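Everything on this sheet refers to the single structure shown next.
Number of protein chains: 4
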Amino acid sequence: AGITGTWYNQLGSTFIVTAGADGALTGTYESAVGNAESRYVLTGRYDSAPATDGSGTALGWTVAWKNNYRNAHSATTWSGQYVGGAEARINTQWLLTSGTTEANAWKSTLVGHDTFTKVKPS
Amino acid sequence: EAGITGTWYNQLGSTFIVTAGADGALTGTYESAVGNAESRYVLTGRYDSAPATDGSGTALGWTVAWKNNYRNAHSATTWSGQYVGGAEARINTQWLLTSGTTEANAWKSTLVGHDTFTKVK
Amino acid sequence: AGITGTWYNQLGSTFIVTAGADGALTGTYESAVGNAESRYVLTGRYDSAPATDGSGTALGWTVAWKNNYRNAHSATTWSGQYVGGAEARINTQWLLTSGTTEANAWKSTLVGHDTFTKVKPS
Amino acid sequence: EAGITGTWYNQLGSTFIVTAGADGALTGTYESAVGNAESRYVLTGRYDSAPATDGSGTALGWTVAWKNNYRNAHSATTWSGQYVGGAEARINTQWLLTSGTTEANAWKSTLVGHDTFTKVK
Ligand SMILES: O=C(O)CCCC[C@@H]1SC[C@@H]2NC(=O)N[C@@H]21
Ligand SMILES: O=C(O)CCCC[C@@H]1SC[C@@H]2NC(=O)N[C@@H]21
Ligand SMILES: O=C(O)CCCC[C@@H]1SC[C@@H]2NC(=O)N[C@@H]21
Ligand SMILES: O=C(O)CCCC[C@@H]1SC[C@@H]2NC(=O)N[C@@H]21
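Chains as they are written, first to last, in the entry's author numbering: chain B, 15 to 136; chain A, 14 to 134; chain B', 15 to 136; chain A', 14 to 134. A prime marks a further copy of an entry chain.
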């Protein structure tokens, strides 16, 4: 139980993370789609003392899409909530910004939504 | 990365102090002028440490969870954007602010907006 | 088969729409949540000649949350795709802007995602 | 609604011509300075026809499907925002641009951004 673990989203991407006691998120991300191969570094933050009223735990993290294999000149941030219990979720919305010229900045940022569970796809 | 590293302010009057590491790390503190926030908060993020040199911006993002040793808003913001270098350096962003909610209220958990940061120099 | 019909999202809201031959969307929306009661007018647009390569049909619509019962001083736009076939979907992301003072404009706009099907909840 | 009704231009140089009806309707045409677009496109939307009078903006939104009698981009944009009246009238928006995609490519279907419109007067 908790944020720390291996998570998978609806695309089949793999999010491996450790939640530090005082709010750090640290791990790796492997995307099933896009200009990406293998694992990328991620860092983020989470609320390390959530409310005690049934609310989720706010969090977010970033991946810059550069590793030893590829550089897509882009970065994604995920913002969302962890929802605990017997079917633990992380429900997110994300912003993927590509480096562009200023004139093309209007088309620099994709938006979407990812839902993560600890269930490995089969 | 001397470009990104420094002190920045946005249109709301918020203060972003950041260091860009050789490995692509962003670390620093954020102080918001608005919202359920006081003092400085930890931020962490990532940037493209080997960006295109064809006139394109440098992609980056960072997160603040709105808990510090004074206050906890039970929320987190992520900024996604690009650094545009030169003498009038800017970081242009869009952001998502998610509050912890009950499941019934999750539909109203996330605000969206845009911040432009100017480097103090 | 088609966009015209009665749709329901994951919240249990009801979206009743007619797709005009040349791109109009016209109908009503009833939200299961929020500062809303009964039906509200909606209008929007869709691509009335979609690609023939398996792509979805782009569309969007707006509701201003004023009717004879309530006025929330807000408006939502949904932007997304219709995906036809034997389990027809409308997959959307939305922006809900409330009227605010300029100083509070930073907190004026909620974002989320709704998926619609023609299956009435039970 | 004389306030909203008129001709507006955004920071890209796009042209928004709109009429606000007594019933809350928005109707008009949009011409984009950028993207897979030429000439005018139909728009339709809605606004709050009885807004607060406490200093708040007037909520509104509209849609353009990027098909006209010259071109079809297989895409649609919605703008969600508020009208701020007075002598320096503005419509401040965020937008979502969804392109039709295959199901496999749906993750990359939607762009987000922000436009500010100034009324020509
Ligand atoms: O193509 C790129 O610029 C890099 C890869 C982006 C993959 C995106 S991030 C949001 C979405 N969720 C995923 O797991 N993968 C895609
Ligand atoms: O109210 C909260 O939940 C915490 C503070 C949020 C402040 C937001 S983050 C996006 C925007 N940019 C800022 O500098 N401040 C606001
Ligand atoms: O509370 C308001 O300001 C008016 C009602 C908003 C309801 C929102 S629109 C997006 C989401 N999808 C729905 O079916 N209902 C909520
Ligand atoms: O490229 C397309 O799919 C059609 C044209 C899109 C133009 C976009 S809509 C949001 C932004 N604001 C504008 O005035 N133009 C761009």
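The C-beta atom is built at its ideal place from N, Cα and C for all residues, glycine as well.
Span separating the alpha-carbon of residue i from that of residue j
i	j	result
A/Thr18	A/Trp120	36 Å
B/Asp61	A/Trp79	7 Å
A/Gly68	B/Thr111	16 Å
B'/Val47	A/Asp128	30 Å
A'/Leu124	A'/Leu39	23 Å
B'/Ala117	A/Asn85	23 Å
A/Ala33	A/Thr20	12 Å
B/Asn49	A'/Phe130	35 Å
B/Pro135	B/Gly26	7 Å
A/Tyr83	B'/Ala100	54 Å
B/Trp75	B/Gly126	15 Å
B'/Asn81	A'/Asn81	32 Å
A/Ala35	A/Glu14	7 Å
A'/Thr66	A/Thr66	50 Å
Cβ-based neighbour list, residue i, same chain, cut-off 6 Å, excluding 5 preceding and 5 following
i	result
A/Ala102	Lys132
residue 5 of chain A'	Because chain A' in this structure spans residues 14 to 134, residue 5 of chain A' falls outside the shown range and cannot be described.
B/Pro64	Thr71
B'/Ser122	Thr111, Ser112, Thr114
A'/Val97	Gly70, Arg103
Sequence-distant residues of the same chain with beta carbon closer than 7 Å to residue i, five excluded per side
i	result
A'/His87	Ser112, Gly113
A'/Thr42	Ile30, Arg53, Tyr54, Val55, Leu56
B'/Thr28	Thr20, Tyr22, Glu44
A'/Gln24	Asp128, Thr129
residue 5 of chain B'	Within the shown structure, residues of chain B' are numbered from 15 to 136, placing residue 5 of chain B' beyond reach of any answer.
B'/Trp92	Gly74, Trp75, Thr106, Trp108, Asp128
Close Cβ partners of residue i (< 8 Å) along its chain, the five nearest in sequence each way excluded
i	result
A'/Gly37	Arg59, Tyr60, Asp61, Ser62
A/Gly16	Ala33, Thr71, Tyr96, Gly98, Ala102
Going residue by residue through the region 29–94 of chain A', where are the continuous beta strand (DSSP E) segments of at least 3 residues, counting only ones entirely within it? Whole beta strand (DSSP E) segments, 3+ residues: 38–44, 54–60, 71–80.
Under 8 Å: do the region 46–61 of chain B' and the region 49–59 of chain A' share three or more Cβ pairs, one atom per stretch? Counting C-beta pairs closer than 8 Å gives three or more between the region 46–61 of chain B' and the region 49–59 of chain A', which meets the contact rule.
Start-end ranges of the beta strand (DSSP E) lying completely within the region 93–121 of chain A', minimum 3 residues: You should have 103–112.
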